[PDB]
């Protein structure tokens, strides 16, 4: 919930990875931290927010933070979701 971080410390933050289809999908600090404001007034906000919901199991919502570095395919004909590195 609007947690902020020190914008200076992204270079010492870890990658965070999600395992999907057995494959690791990593996010770098530059991807999972939301920048707000500009140049010098910039605020850095954590892209991870806490939410406890269950539907078959504990549920994650992979919003724009994830869908930016991963191009996403919604396959209705086969009922699949696909991810690849965005370019």
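Positions refer to the first chain, counted from 1.
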Between 24-32 and 41-49, the record assigns the higher mean Cα B factor to 41-49
Using only C-alpha atoms and the B-factors in the entry, which stretch averages higher, 9-17 or 68-76? 9-17
Comparing against every modelled residue in the chain, figure out the third that the C-alpha B-factor of residue 81 lands in (lowest, middle or highest). middle
Report the third (lowest, middle or highest) to which the CA temperature factor of residue 59 belongs, ranking only the modelled residues of the same chain. middle
